[PDB]
Amino acid sequence: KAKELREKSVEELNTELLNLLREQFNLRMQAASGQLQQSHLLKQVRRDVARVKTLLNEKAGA
Amino acid sequence: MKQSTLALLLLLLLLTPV
Amino acid sequence: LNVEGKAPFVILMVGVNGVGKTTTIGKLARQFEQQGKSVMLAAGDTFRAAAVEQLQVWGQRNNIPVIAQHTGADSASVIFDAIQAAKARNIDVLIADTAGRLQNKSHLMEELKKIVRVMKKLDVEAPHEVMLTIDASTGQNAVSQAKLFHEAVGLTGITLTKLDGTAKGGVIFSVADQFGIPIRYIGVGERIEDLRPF
Amino acid sequence: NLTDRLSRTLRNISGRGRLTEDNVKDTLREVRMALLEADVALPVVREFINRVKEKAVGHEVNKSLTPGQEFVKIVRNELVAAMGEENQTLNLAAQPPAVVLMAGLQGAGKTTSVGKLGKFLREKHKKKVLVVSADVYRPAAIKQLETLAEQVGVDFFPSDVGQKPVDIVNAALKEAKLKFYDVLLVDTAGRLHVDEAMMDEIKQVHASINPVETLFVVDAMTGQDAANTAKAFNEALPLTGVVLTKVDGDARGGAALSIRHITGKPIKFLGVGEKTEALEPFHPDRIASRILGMXXXXXXXXXXXXXXXXXXXXXXXXXXXXXXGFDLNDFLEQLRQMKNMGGXXXXXXXXXXXXXXXXXXXXXXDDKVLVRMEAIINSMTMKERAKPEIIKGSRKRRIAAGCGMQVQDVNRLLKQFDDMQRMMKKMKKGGXXXXXXXXXXXXXXXXXXX
Amino acid sequence: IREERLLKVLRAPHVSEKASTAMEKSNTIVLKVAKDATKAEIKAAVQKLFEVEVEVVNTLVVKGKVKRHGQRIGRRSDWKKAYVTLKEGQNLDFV
Amino acid sequence: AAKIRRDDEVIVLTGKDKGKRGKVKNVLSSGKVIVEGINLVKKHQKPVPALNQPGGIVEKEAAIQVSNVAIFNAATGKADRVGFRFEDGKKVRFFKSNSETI
RNA sequence: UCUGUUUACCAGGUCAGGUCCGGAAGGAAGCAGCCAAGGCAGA
Ligand SMILES: Nc1nc2c(ncn2[C@@H]2O[C@H](COP(=O)(O)OP(=O)(O)NP(=O)(O)O)[C@@H](O)[C@H]2O)c(=O)[nH]1
Ligand SMILES: Nc1nc2c(ncn2[C@@H]2O[C@H](COP(=O)(O)OP(=O)(O)NP(=O)(O)O)[C@@H](O)[C@H]2O)c(=O)[nH]1
Ligand SMILES: [Mg+2]
Ligand SMILES: [Mg+2]
Ligand SMILES: [Mg+2]
Ligand SMILES: [Mg+2]
Ligand SMILES: [Mg+2]
């Protein structure tokens with residue numbers, strides 16, 4: 001990603017980030033209940049979050 | 001009855017994966 | 001199909017429950033007796049209630065000797081001894097019945113394999129033919145049927161039955177595309193003359 | 001075998017968080033192509049999957065937001081309400097007389113199903129059953145019914161090919177009313193729905209008998225023609241219900257769905273083996289769950305069938321363990337009794353919690369292993385069975401040589417009996433709720449499989 | 001409060017016999033929550049995320065045990081447990 | 001700049017397999033490779049019920065030092081040594097003897 | 001000369017179960033249970 005996210009406005013990013021947090025919450029809720037088969041997902045989302053955040057900053061920064 | 005379920009359930013079962 | 005030149009030429013009939021194996025055997029028996037072939041029948045269904053009697057009745061109607069044994073006896077046995085009586089009467093073709101079995105049971109597939117091995121041990125070259133009977137009302141599940149049946153007994157042929165119904169039996173296309181197994185006959189009713197060449 | 005395709009499908013969905021409607025779509029498409037691979041009523045595939053598509057758009061669950069639980073739950077419950085809304089317990093309504101007919105296509109399983117019903121209702125009803133074959137057409141069909149009837153211990157009414165089906169069934173009904181029977185099972189010849197002389201003939205038959213129930217018999221492998229068959233049989237004959245057979249094959253038998261779409265008649269029974277005992281009450285929860293791979297209804301039904309055939313023998317093993325303690329006598333009794341109820345697919349489907357950790361391709365052959373155990377413990381002197389700790393090297397040479405097997409196997413079996421001895425003791429000493437709750441599922445660390 | 005903080009509070013359902021007991025008998029659920037979250041934020045977060053009505057949240061802190069792995073002495077991390085009272089009104093279930 | 005890679009057909013210079021040829025399954029970081037039909041060991045496996053793993057002696061393939069295997073020239077039928085050049089703008093491998101690309 | 005009792009494989013017979021050969025037809029080595037029996041104690 002990260003080219004893809006780069007072309008979105010700050011608002012859509014802010015809707016995306018919250019979505020990612022809901023997804024993350026749900027995922028670790030699954031993993032905590034031992035119902036999670038693919039674990040590769042946590043890392044997927046946990047990192048995507050960072051990506052988004054790192055953009056928000058530079059859009060405010062400059 | 002109970003003791004039936006108890007015994008044979010984890011008898012058959014517990015025999016398979018253990 | 002060429003049944004010429006063997007003492008006898010033996011055809012194994014395989015397929016899941018109710019597809020038309022025993023009736024098809026009847027039909028083939030007629031078809032080849034019409035061509036001047038000497039034909040006899042193995043009832044290789046010693047498992048299901050009246051599975052042998054049913055074929056014996058067909059053979060009684062067609063004046064075709066049917067080798068028969070008790071319920072609970074071995075199918076492969078009746079098939080072998082049928083090959084033997086076949087040789088003894090100097091006949092061209094024995095048609096070996098088998099009990100219906102679901103292809104995914106997979107022990108019964110092995111039973112069929114055993115039968116094959118039997119016909120192999122009597123006549124080293126036999127059977128030269130393994131035919132799978134498929135119902136027309138069936139379909140892409142019969143894909144899987146063709147899979148486990150061909151994987152098991154190495155089918156040399158396929159006969160589609162109940163094509164007198166509304167079913168087009170299109171699943172053949174997907175089967176023949178996969179396994180390259182030739183379609184031999186189409187069954188078009190419940191009488192003795194109801195077999196047709198594909 | 002939808003579970004291969006449906007597993008990749010709905011498991012795929014159950015992975016992705018806040019799933020796009022596109023993999024929702026693709027998954028629906030794989031359910032469509034899956035039921036298309038099952039040769040279930042292809043137009044009805046399209047209809048069913050369109051329904052599942054519309055249902056799967058807007059659901060929310062606070063328990064777990066996972067959309068895969070939504071697709072599994074939706075496909076399940078929807079197949080449930082379309083298949084008759086959890087009708088297991090209900091079955092057929094019994095009146096003091098009852099007359100039921102079995103109708104359908106050539107080879108669907110009618111004659112077999114008649115004898116299954118005979119046995120089942122013989123067990124549940126505590127009443128008298130009479131059966132009759134209206135089939136003068138298929139060779140030895142009447143004899144087939146006679147054999148099955150003799151096997152299930154059910155009175156048989158004689159008939160021959162020289163008669164007319166109407167006269168036959170009229171005679172049967174007359175004798176039945178005269179001899180005070182209740183449940184009557186009439187097995188009819190297989191016939192094409194487009195064969196007018198036959199369909200008319202049995203319209204006349206029905207007219208003569210006046211049955212309370214007409215059951216259409218469906219091979220689970222039946223194709224797209226099902227909807228056309230069910231309708232035809234429902235328009236002339238009309239049927240009051242459906243029996244779905246050969247569900248022990250990998251065929252998904254959703255064709256009955258088409259059959260229940262046109263007819264609207266309930267589906268009462270699941271034929272699940274070639275044996276007389278193989279009649280089950282149909283249940284959409286059981287067939288849909290059976291497709292999905294994890295089941296609560298079939299878990300309670302196979303634990304209640306295991307418990308029904310094993311009640312007096314686990315009370316015999318509990319009385320001998322009350323007197324002499326747990327031995328290879330009480331274990332061997334458990335083995336023969338356990339071999340009589342034996343099946344593997346009805347066992348793994350009862351436990352979804354263990355099947356979530358282990359591959360679904362796991363199978364121990366019960367007919368092999370069980371009878372092997374019975375055999376090995378049949379090779380022991382009675383002192384070695386009541387006192388297993390004295391079994392030694394030469395003894396296991398003797399046991400292994402007796403049944404014609406390997407010493408390693410005997411070691412393995414005595415190992416099993418050792419574990420079950422321990423388990424018997426742990427069950428004996430502790431309270432039932434504590435011994436059942438204190439059982440631990442061990443991971444050598446939370447990191448999985450290692 | 002901000003929602004972004006909320007979604008970061010609640011780690012996991014706590015599973016045990018005590019837990020089940022309260023859940024059945026007193027209508028109460030048991031949570032492992034971030035070490036720093038407070039009764040306010042947990043009330044907020046359950047009421048928000050599970051969308052059900054919280055009465056009161058009682059909490060405690062569990063000191064992790066001390067372990068040995070291959071002679072080495074480690075310390076399991078601390079954490080915070082929360083007994084969360086739901087009003088008789090709602091019925092909370094694991095599907 | 002890695003000389004021996006996945007799926008190359010190689011010939012074995014050293015060890016009990018000297019002279020044998022085969023196909024590379026994978027490489028390991030330590031400079032070890034694992035080759036088809038090469039360097040079978042008989043390993044004893046304690047039966048594991050969770051993985052439905054039976055017991056017994058499993059013949060398995062054990063890693064071999066990559067210095068000991070040579071990239072097999074199919075043209076010459078001889079073991080070869082490898083080198084690198086730039087064709088197009090891309091870095092490519094070739095055989096030293098006939099100086100032909102791979 | 002009779003009674004109880006015991007005595008796992010390695011005296012004997014039947015040899016269930018299971019297992020080898022065969023396609024079967026059927027044989028077969030034989031564990032267990034039973035009977036002599038090895039005894040002995042009591043008479
Ligand atoms: N309409 C029609 N019916 C057929 C045809 N071939 C067989 N049948 C019918 O289908 C039914 C089953 O036939 P049968 O020969 O017993 O099949 P099977 O495969 O031998 N049964 P099993 O597996 O129980 O031994 C019989 O009623 C029979 O008359 C056909 O070409 N058309
Ligand atoms: N595996 C399995 N086989 C079944 C089941 N129900 C019936 N069968 C089998 O399918 C075959 C056909 O059954 P049968 O009772 O003759 O069907 P039918 O509908 O009476 N045939 P017909 O139309 O000729 O009268 C028989 O081999 C039988 O043992 C089932 O639920 N499972
Ligand atoms: Mg037949
Ligand atoms: Mg019938
Ligand atoms: Mg308080
Ligand atoms: Mg406090
Ligand atoms: Mg720490």
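Positions of Cβ are generated from backbone atoms using ideal geometry, with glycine treated the same way; all protein chains shown enter the neighbour counts. What is reported rests on the model, the rules as stated and the sources as named; no laboratory read-out is quoted.
Exactly one residue out of C:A96, C:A88, C:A73, C:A68 is more than 16 Å from ligand 2 (Cβ to nearest atom) and buried (at least 23 other Cβ atoms within 10 Å of the Cβ), and it is C:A96. A single member of D:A81, D:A94, D:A108 is small (G, A, S) and within 16 Å of ligand 4 (Cβ to nearest atom), and it is D:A108. Anything in segment D:388-399 that is more than 6 Å from RNA strand G (Cβ to nearest atom) and closer than 22 Å to D:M338 by Cα? List them, or say none. Hit for segment D:388-399 is D:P388, nothing else.
Of all the listed residues (E:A82, E:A19, E:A40, E:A34), the sole one being under 19 Å from A:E23 (Cα atoms) and either away from ligand 3 (no atom under 16 Å from the Cβ) or more than 14 Å from chain A (Cβ to nearest Cβ) (or both) is E:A34. Here C:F32 meets the list (1) within 12 Å of another protein chain (Cβ to nearest Cβ); (2) surrounded by 20 or more Cβ atoms within 10 Å (Cβ to Cβ) almost entirely, failing just condition (1). Counting only helices (runs of 4 or more DSSP H) that fall entirely inside segment D:210-314 and contain at least 3 residues that are among the small types (G, A, S), the qualifying elements are D:226-235, D:255-262. Of all residues in segment E:9-26, those being surrounded by 17 or more Cβ atoms within 10 Å (Cβ to Cβ) and assigned to a loop (DSSP other than H, G, I, E, B) number 2. If only residues of segment C:148-198 that are of a type in the set (G, A, S) and farther than 24 Å from D:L192 by Cβ are counted, the one that is nearest to ligand 5 (Cβ to nearest atom) is C:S174. Just one of the numbered conditions (1) within 14 Å of another protein chain (Cβ to nearest Cβ); (2) farther than 21 Å from D:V40 by Cβ is not true of C:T161: (2). Looking across segment C:107-150, the residues that are away from chain D (no Cβ under 14 Å) and in a helix (DSSP H, G or I) come down to C:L112, C:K113, C:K114, C:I115, C:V116, C:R117, C:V118, C:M119, C:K120, C:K121, C:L122, C:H150. Taking interchain pairs and intrachain pairs at least six residues apart, which have beta carbon atoms under 7 angstrom, with the first residue in segment C:167-194 and within 13 Å of another protein chain (Cβ to nearest Cβ) and the second β-branched (V, I, T) and in a loop (DSSP other than H, G, I, E, B)? Listed pairs, sorted by first residue: C:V171/C:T138; C:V175/C:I181; C:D194/C:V188.
Looking across segment C:1-28 at every residue that is crowded, with 23+ Cβ neighbours inside 10 Å and more than 14 Å from every other protein chain (Cβ to nearest Cβ), the one that is nearest to the chain's Cα centre (by Cα) is identified as C:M13. Looking only at segment D:172-204, residues that are among the aliphatic types (A, V, I, L, M), in contact with a strand residue (DSSP E or B) (Cβ under 8 Å, 6 or more places away or on another chain) and within 30 Å of C:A136 (Cβ to Cβ) come to 3 in all. Among the residues of segment A:15-59, the ones that are in a loop (DSSP other than H, G, I, E, B), over 15 Å from the mean Cα position of the chain (by Cα) and more than 14 Å from chain E (Cβ to nearest Cβ) come to 3 in all. All but one of (1) hydrophobic (A, V, I, L, M, F, W, C); (2) more than 12 Å from chain C (Cβ to nearest Cβ); (3) under 19 Å from D:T276 (Cβ atoms) hold for D:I209; which doesn't? Result: D:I209 fails condition (3) only. Going by the conditions given, is D:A56 surrounded by 16 or more Cβ atoms within 10 Å (Cβ to Cβ) and more than 27 Å from A:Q35 (Cα to Cα)? When the stated conditions are applied, D:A56 does not pass them. Per this entry, C:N104 is counted among residues that are outside any helix (DSSP H, G or I) and within 14 Å of chain D (Cβ to nearest Cβ).
Residue pairs whose Cβ atoms lie under 6 Å apart, sitting 6 or more positions apart in sequence or on different chains, and linking a residue in segment D:11-38 that is assigned by CATH to the domain that holds D:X356 to a partner that is outside any helix (DSSP H, G or I), do not occur here.
Restrict the check to segment C:62-74 and report whether at least one residue is more than 10 Å from RNA strand G (Cβ to nearest atom), in contact with a strand residue (DSSP E or B) (Cβ under 7 Å, 6 or more places away or on another chain) and outside any loop (DSSP other than H, G, I, E, B). The answer is yes; a qualifying residue exists. Of the numbered criteria (1) at positive phi; (2) more than 14 Å from ligand 1 (Cβ to nearest atom), the one C:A50 fails is (2). The single condition from (1) within 14 Å of another protein chain (Cβ to nearest Cβ); (2) crowded, with 24+ Cβ neighbours inside 10 Å; (3) not small (G, A, S) that C:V78 fails is (1). Taking every residue in segment D:389-413 that is aliphatic (A, V, I, L, M) and pairing it with any residue that is assigned to a loop (DSSP other than H, G, I, E, B) and surrounded by 14 or more Cβ atoms within 10 Å (Cβ to Cβ), at least 6 positions away or on another chain, the pairs with Cβ-Cβ distances below 6 Å are D:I399/D:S379.
For segment F:47-85, the candidate set comprises residues that are touching a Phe, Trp or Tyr at 6+ places or on another chain (Cβ under 8 Å) and of a type in the set (G, A, S); within that set, the residue that is surrounded by the most Cβ atoms within 10 Å (Cβ to Cβ) is F:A79.
Go through F:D80, F:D88 for me and flag whichever is over 15 Å from F:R6 (Cα atoms), out of contact with any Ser or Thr (no Cβ under 9 Å at 6 or more places or on another chain) and acidic (D, E). Of the residues listed, the single one that is over 15 Å from F:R6 (Cα atoms), out of contact with any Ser or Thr (no Cβ under 9 Å at 6 or more places or on another chain) and acidic (D, E) is F:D88. Put simply, of C:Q54, C:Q31 the only residue that is in a helix (DSSP H, G or I), under 17 Å from the mean Cα position of the chain (by Cα) and within 16 Å of ligand 4 (Cβ to nearest atom) is C:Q54. Return a yes/no flag: does segment F:3-23 have any residue that is within 30 Å of D:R412 (Cα to Cα), of a type in the set (D, E, K, R) and assigned to a strand (DSSP E or B). No, segment F:3-23 contains no residue that is within 30 Å of D:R412 (Cα to Cα), of a type in the set (D, E, K, R) and assigned to a strand (DSSP E or B).
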